[PDB]
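Since the structure comes first, as structure tokens, the remarks are kept for the end.
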Amino acid sequence: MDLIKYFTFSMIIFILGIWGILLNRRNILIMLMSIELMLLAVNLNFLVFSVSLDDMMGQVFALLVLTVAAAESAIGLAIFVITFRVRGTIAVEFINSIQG
Amino acid sequence: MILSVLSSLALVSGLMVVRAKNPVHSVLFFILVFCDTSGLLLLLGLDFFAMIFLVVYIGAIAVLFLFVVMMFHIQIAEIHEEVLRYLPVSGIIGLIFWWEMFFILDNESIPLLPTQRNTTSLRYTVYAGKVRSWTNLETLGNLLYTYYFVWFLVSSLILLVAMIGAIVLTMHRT
Amino acid sequence: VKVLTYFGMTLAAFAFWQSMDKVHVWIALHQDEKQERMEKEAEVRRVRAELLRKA
Amino acid sequence: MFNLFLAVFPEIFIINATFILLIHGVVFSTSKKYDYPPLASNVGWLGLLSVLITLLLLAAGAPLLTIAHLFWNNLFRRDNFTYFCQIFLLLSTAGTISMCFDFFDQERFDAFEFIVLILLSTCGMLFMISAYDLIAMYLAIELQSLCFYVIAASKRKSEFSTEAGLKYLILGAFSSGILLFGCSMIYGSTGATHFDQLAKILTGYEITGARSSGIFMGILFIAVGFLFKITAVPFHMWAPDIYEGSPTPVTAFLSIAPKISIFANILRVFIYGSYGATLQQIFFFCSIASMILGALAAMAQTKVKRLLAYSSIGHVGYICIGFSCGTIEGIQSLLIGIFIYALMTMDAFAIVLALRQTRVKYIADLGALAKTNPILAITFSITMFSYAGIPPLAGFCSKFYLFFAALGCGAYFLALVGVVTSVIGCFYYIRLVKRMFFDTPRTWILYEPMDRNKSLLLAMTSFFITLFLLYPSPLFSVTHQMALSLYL
Amino acid sequence: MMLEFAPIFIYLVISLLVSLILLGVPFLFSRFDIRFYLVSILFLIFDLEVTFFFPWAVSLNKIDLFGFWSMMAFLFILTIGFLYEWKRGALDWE
Amino acid sequence: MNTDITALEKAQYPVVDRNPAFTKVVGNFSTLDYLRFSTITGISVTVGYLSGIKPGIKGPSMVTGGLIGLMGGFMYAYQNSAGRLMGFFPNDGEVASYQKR
Amino acid sequence: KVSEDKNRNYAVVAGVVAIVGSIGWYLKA
Amino acid sequence: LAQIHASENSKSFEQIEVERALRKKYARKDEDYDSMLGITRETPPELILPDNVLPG
Amino acid sequence: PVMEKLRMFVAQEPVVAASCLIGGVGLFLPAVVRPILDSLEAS
Amino acid sequence: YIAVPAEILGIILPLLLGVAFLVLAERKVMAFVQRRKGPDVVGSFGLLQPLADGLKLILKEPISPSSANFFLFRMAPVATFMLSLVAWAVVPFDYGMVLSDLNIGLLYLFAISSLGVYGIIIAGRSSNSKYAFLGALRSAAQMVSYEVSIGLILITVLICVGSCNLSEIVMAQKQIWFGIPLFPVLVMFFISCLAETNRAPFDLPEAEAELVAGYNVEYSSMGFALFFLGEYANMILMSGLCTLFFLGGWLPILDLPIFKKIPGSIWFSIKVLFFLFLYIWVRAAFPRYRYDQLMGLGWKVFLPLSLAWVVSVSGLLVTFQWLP
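Residue numbers (the entry's author numbering), protein chains in the order written: chain K, 1 to 100; chain J, 1 to 174; chain u, 2 to 56; chain N, 12 to 499; chain A, 1 to 29, 55 to 119; chain f, 1 to 101; chain v, 75 to 103; chain y, 210 to 265; chain b, 2 to 44; chain H, 2 to 325.
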């Protein structure tokens with residue numbers, strides 16, 4: 001039952017990311033962290049499957065997804081900083097001008 | 001059992017990432033979720049990935065999150081909302097995703113039920129593979145830079161874009 | 002939260018994961034009924050399409 | 012050893028030229044001696060030259076791009092379909108760059124890093140087209156996406172541009188995570204990431220009763236990611252806001268090139284892999300939703316950029332109808348629709364960038380344009396009638412297929428949706444012609460004449476739009492070639 | 001083998017206990058600086074560079090010249106990034 | 001590192017040399033190859049000069065454009081020469097020199 | 075009597091080289 | 210008013226060219242990119258009119 | 002006259018010059034010396 | 002596994018004593034350089050001064066300011082103290098004398114180094130004092146900056162050895178110590194260790210006179226003690242790494258029977274003691290940099306040199322096929 005238990009560990013992290021999106025409509029920083037939780041869960045999936053199949057391709061991709069996650073976080077927080085610097089606040093009511 | 005302890009720690013720590021009032025605490029609970037993930041990786045025998053999750057996720061990414069969040073001094077009013085009203089929608093979404101994905105492997109990967117018989121005596125050992133064993137580190141390093149070097153280089157291009165975009169978006173030179 | 006609150010939530014999560022273990026054993030125990038039901042539904046579809054082409 | 016890299020000569024050249032331009036820009040923009048010169052136009056001209064040399068290298072080396080195919084097999088796959096897709100992508104990028112010099116000079120947008128990021132994303136889309144493994148596909152998609160996040164926020168003091176970048180990063184990272192979860196399910200279920208291995212594993216079975224739910228959901232999540240990328244409803248709401256909030260040359264670039272590259276990916280992944288009906292029903296239902304929602308939302312718009320965004324959503328619906336039918340003519344028509352929509356969009360954004368020198372924002376700003384600039388009002392009316400699909404303009408071609416497949420794959424509800432949404436689209440397109448020709452406003456806006464680059468591009472695209480149906484043989488032949496080369 | 005990690009865990013628990021004994025016995029008697062974001066970004070990039078060097082350094086004897094030159098190309102791209110950052114004044118704290 | 005030059009689409013002309021060495025391909029450069037090289041380099045120098053006037057850096061811009069053109073023109077000439085030696089492009093002169101030496 | 079701007083002269087040479095080279099390129103293909 | 214008009218009308222060809230280039234140089238601005246570079250472009254004095262002719 | 006410009010560049014920035022030299026030897030040896038050794042071994 | 006706690010205690014307790022006495026030795030050597038005597042009244046030759054200061058500190062009343070971060074404020078010194086203690090599980094003192102023979106021990110040390118920043122960051126933020134917070138941010142930035150150079154130097158050594166096992170790294174120096182060919186690398190490593198332990202000339206938290214309040218300004222009694230003890234335990238560790246990586250660990254100076262008579266733990270201790278003397282000698286010798294100067298040194302001097310040395314060592318070993 002090993003494979004199912006590791007899988008459900010990763011799955012709970014993924015669902016927690018989804019819920020964190022669902023539960024933070026005023027908190028866009030936590031939304032970015034929920035996306036990072038989903039990415040972590042996917043990385044875990046790849047590593048667990050690599051072990052389970054005796055195949056190395058899951059580990060190569062896990063390392064590359066690590067690089068991608070780091071780049072995404074750096075750019076994401078830069079955009080957060082310039083959004084805050086322009087507006088003076090992070091409240092969602094100040095980032096809703098574009099619509100229709 | 002051990003997997004149950006780690007799963008419970010990660011579940012509570014993740015709830016605290018997505019439910020803490022203070023975003024600094026959220027970033028700190030995220031560090032705990034990454035530590036727990038490192039423990040899981042150690043159980044799978046992948047010690048390189050277990051160390052790298054510590055070095056990159058906690059040592060570098062969480063630090064950046066912490067620096068930004070701490071200097072932002074977010075006020076609790078700008079981000080506060082009551083979440084009792086989302087229990088039904090969270091319930092339906094989470095229940096659909098639970099019933100469908102916590103059991104996606106069950107048809108394909110049927111668990112072996114533990115019997116009251118010693119099945120350890122049927123483990124077949126092949127000593128030929130054990131003469132010169134490879135670590136996780138050198139097994140990965142055998143592939144990254146030769147058979148799959150193009151993806152390695154594309155990842156470098158991704159990092160270059162991150163450096164350029166960070167400078168261009170935020171730099172105000174004195 | 003209080004430290005005791007984090008401890009109690011961990012205990013509850015541990016109980017949840019043991020319950021999930023019981024669910025997994027239940028699903029594993031009913032693979033044979035799934036297989037036998039699938040035998041019928043696929044064979045019904047065969048006997049069916051074969052009869053529908055006799056005419 | 013050196014001759015193996017003949018297969019990556021175009022990419023090597025474009026990447027090295029991008030590095031040269033990055034260094035040149037950063038060295039001479041910081042120079043006190045030259046008084047910190049704005050280098051956006053200089054590096055733009057040099058980068059346009061780099062793109063044209065890359066195009067020369069790629070098109071003149073057609074057989075050499077398939078050299079060492081076994082050595083390069085685990086990294087990418089170059090064939091005739093990729094050859095033509097990459098040529099078209101490079102042409103789109105060259106046109107978009109040529110449309111930016113007036114914006115650089117007059118708004119004084121001085122950042123040369125804009126050109127560098129456009130070139131790096133062009134590299135990423137070039138790698139996207141030849142991707143032949145889920146890993147490589149994801150990496151190239153992420154490179155392209157990160158470049159777009161950064162250029163969407165380029166006007167870093169503007170509320171609109173910062174808002175656009177923030178929504179793009181969150182919705183883009185969310186969709187990428189969903190797609191990556193699908194790749195993990197497929198890998199876990201099949202032990203394979205290469206497209207050939209996935210083809211062999213999945214053909215002959217589809218849903219054979221004992222269907223792998225892991226494979227099925229990997230496919231579903233990957234499909235959701237692709238649909239986000241092509242702005243299909245219900246994964247579309249990021250597109251109008253990002254299209255409006257981004258700087259207009261970014262909007263022009265995001266409207267064309269990513270669609271070419273993602274549709275190449277979709278073809279080589281789905282049409283080539285083999286889950287079957289569900290995959291096409293996904294795209295069928297999303298095409299219908301896209302046509303209806305795009306038509307209604309565009310009918311509600313009062314600003315030019317939003318109208319164009321919703322029009323693009325509707326047109327991707329029309330194009331995806333071709334992928335839904337799953338035949339040779341379906342793929343051919345998808346490719347023809349992509350090509351014609353790209354040329355039309357390039358026409359429309361050339362006009363928009365020309366009018367952005369006097370800050371066009373509303374449809375009503377185009378009042379009395381047939382008096383102040385009659386030949387521009389005619390060129391723009393031709394584009395709107397082409398968008399509406401009025402024969403014998405090039406836009407009819409794509410509309411003709413929609414009904415051809417609807418009566419070919421036997422789908423009359425699709426036909427009815429097409430008739431109603433075509434009528435709605437015609438209405439909101441001819442509303443602009445009414446504004447430029449029939450209205451008599453009290454206050455007029457006089458617009459500055461466009462530069463030579465945009466006038467030449469506009470003249471060529473307008474001649475294509477009016478006269479393509481007279482000599483359509485090359486596009487038909489080449490798209491038939493590409494549709495066949497997907498399998499052989 | 002992962003057997004050698006168990007002493008590290010028991011060591012952690014004992015260190016925790018010592019920490020709490022030492023800390024407990026006495027209980028018986055609004056200004057954002059972008060330069061910190063920029064240093065964080067630089068550190069993250071070079072953290073990933075050290076990470077990609079670890080497998081390369083242990084695998085150099087098998088990958089030979091091909092592996093060496095692919096790592097050199099990787100470094101060249103990241104060092105172009107570093108030169109960009111240098112010329113833009115991201116390495117200056119005055 | 002195991003390698004394989006074999007292409008997906010077979011060469012349609014006499015294969016003078018399957019995997020010609022770098023210096024052999026460079027020495028195979030013809031008059032047309034040098035004409036392509038020179039045209040690309042000259043156009044690139046010219047574009048560098050013309051686009052450099054407004055910022056005031058016409059000379060440095062000329063050098064940058066010339067470098068881009070030199071790399072691109074050399075790559076194009078190499079492409080053509082190696083394709084001729086490998087039989088992918090019409091290679092009358094290569095075959096005439098091969099059948100004699 | 076003499077054009078002094080050296081960079082201008084080199085640019086002129088490059089333009090002439092490009093024109094003559096394009097003509098030769100057509101003439102030999 | 211006569212002072213500024215007389216100053217303009219008596220400029221030589223070279224000074225006319227110098228000021229035409231300067232006028233084109235300073236017609237628009239990018240203060241965002243300037244702040245990124247950490248520089249402050251200043252209007253040259255030959256393009257600044259005296260205060261006695263300004264509307265205020 | 003790019004010969005004292007190199008001299009000034011070494012005088013102003015000795016760490017950069019030393020890094021370029023050290024890394025340049027590291028790149029030069031496999032690029033040039035190593036094929037010489039491989040060829041000398043073939044004969 | 003029942004005797005594992007005995008081993009762990011036989012590591013942790015003598016380490017806490019060695020740190021107590023490192024503080025004393027620092028006060029004695031600085032005193033002697035300054036023509037003073039140093040602690041010599043509390044016990045014979047001042048040898049009971051550590052005990053007296055520790056007992057004084059535990060008898061001090063805790064303060065616990067009225068902050069909204071009561072828990073984090075107390076947890077930060079625990080965090081840093083634990084991190085400083087746990088690195089010693091993988092340190093080999095002699096052949097076979099090590100608690101955990103990790104095959105990934107080099108990367109594990111790098112990971113602990115990377116974790117060390119959080120204690121300082123959290124102490125600075127949880128203190129509810131802008132001076133403490135700013136000092137903490139500067140110290141964290143300095144630490145992460147010099148971690149890059151530390152990691153690239155680790156890569157140089159790994160290239161020479163071809164294994165992350167610390168015992169293997171030591172035993173690869175039997176032919177020659179790595180500090181002979183890589184003496185500049187040893188110099189840069191020692192300087193990067195000074196900057197990572199926040200030691201002179203890089204000790205920003207000590208520059209209170211300079212209008213720079215350190216991250217631990219609000220701490221008193223035992224939390225303040227835990228910060229100080231973690232910092233000093235890190236100095237012995239960084240002296241142990243300098244010894245393991247470049248001075249051949251427990252190996253003798255010369256492979257001769259006269260030198261092989263004294264055990265390997267004595268050799269290892271003596272080299273560690275040499276490096277601890279230099280940490281104190283430098284504190285006693287030079288003034289300190291400003292924050293901007295040491296940041297410039299970190300990014301503009303030590304990153305480029307470290308990267309160049311990686312390239313040069315790997316290229317030279319690949320050229321002549323001297324790789325492990």
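Beta carbons: idealized from backbone N, C-alpha and C, even for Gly.
Extent of the continuous alpha helix (DSSP H) run through residue i
{"i": "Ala250 of chain N", "result": "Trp249 to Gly256"}
{"i": "residue 501 of chain N", "result": "Residue 501 of chain N lies beyond the stretch modelled for chain N, which goes from 12 to 499, so this question has no answer here."}
{"i": "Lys316 of chain N", "result": "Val315 to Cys336"}
{"i": "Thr170 of chain J", "result": "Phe149 to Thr170"}
{"i": "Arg289 of chain H", "result": "Looking at the DSSP string, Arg289 of chain H is not in any alpha helix (DSSP H), and its letter there is neither H nor E."}
{"i": "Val45 of chain u", "result": "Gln32 to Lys55"}
{"i": "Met76 of chain H", "result": "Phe71 to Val87"}
{"i": "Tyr423 of chain N", "result": "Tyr423 to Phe448"}
{"i": "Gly136 of chain H", "result": "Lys131 to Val162"}
{"i": "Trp310 of chain H", "result": "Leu304 to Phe321"}
Own chain, CB closer than 6 angstroms to residue i, minus 5 neighbours either side, in chain order
{"i": "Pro49 of chain N", "result": "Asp121"}
{"i": "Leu137 of chain J", "result": "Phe48"}
{"i": "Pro23 of chain J", "result": "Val69 and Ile74"}
C-alpha gap between residue i and residue j, whole angstroms
{"i": "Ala6 of chain A", "j": "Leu110 of chain H", "result": "16 angstroms"}
{"i": "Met39 of chain u", "j": "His25 of chain u", "result": "20 angstroms"}
{"i": "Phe487 of chain N", "j": "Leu140 of chain J", "result": "47 angstroms"}
{"i": "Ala32 of chain H", "j": "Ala14 of chain u", "result": "58 angstroms"}
{"i": "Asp243 of chain y", "j": "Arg60 of chain A", "result": "18 angstroms"}
{"i": "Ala426 of chain N", "j": "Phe414 of chain N", "result": "6 angstroms"}
{"i": "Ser172 of chain N", "j": "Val261 of chain N", "result": "11 angstroms"}
Candidates the options, of which the one nearest residue i by Cα
{"i": "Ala20 of chain J", "options": "K:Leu77, K:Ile12, K:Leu29 and K:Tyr6", "result": "K:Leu29"}
{"i": "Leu73 of chain A", "options": "H:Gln322, H:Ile156 and H:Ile237", "result": "H:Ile156"}
{"i": "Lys175 of chain H", "options": "H:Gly231, H:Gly250 and H:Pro185", "result": "H:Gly250"}
{"i": "residue 114 of chain f", "options": "f:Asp17, f:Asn19, f:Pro14 and f:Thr41", "result": "Residue 114 of chain f is absent from the structure shown; chain f starts at 1 and stops at 101."}
{"i": "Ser156 of chain J", "options": "A:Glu119, A:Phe107 and A:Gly114", "result": "A:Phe107"}
{"i": "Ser392 of chain N", "options": "N:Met493, N:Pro460, N:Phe171 and N:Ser473", "result": "N:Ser473"}
Sequence-distant residues of the same chain with beta carbon closer than 8 angstroms to residue i, five excluded per side
{"i": "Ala11 of chain f", "result": "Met86, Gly87 and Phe88"}
- Query: Using a beta-carbon distance cut-off of less than 8 angstroms, what residues from the region 199–214 of chain N approach chain J?
  - Reply: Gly199 and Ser200
- Name, going along the chain, the residues of the region 453–468 of chain N whose beta-carbon falls closer than 8 angstroms to a beta-carbon of chain y. none
- Interface positions of the region 15–44 of chain N facing chain A (Cβ-Cβ less than 8 angstroms), listed along the chain: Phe30, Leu33, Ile34, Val37, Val38 and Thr41
- Query: What residues in the region 18–40 of chain K have a beta carbon less than 8 angstroms from any beta carbon of chain u?
  - Reply: none
- With 9 angstroms as the C-beta to C-beta threshold (strictly closer), list the residues of the region 19–30 of chain u near chain J in chain order. From the region 19–30 of chain u, only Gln19, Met21, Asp22, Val24, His25, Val26, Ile28, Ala29 and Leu30 have a Cβ closer than 9 angstroms to chain J.
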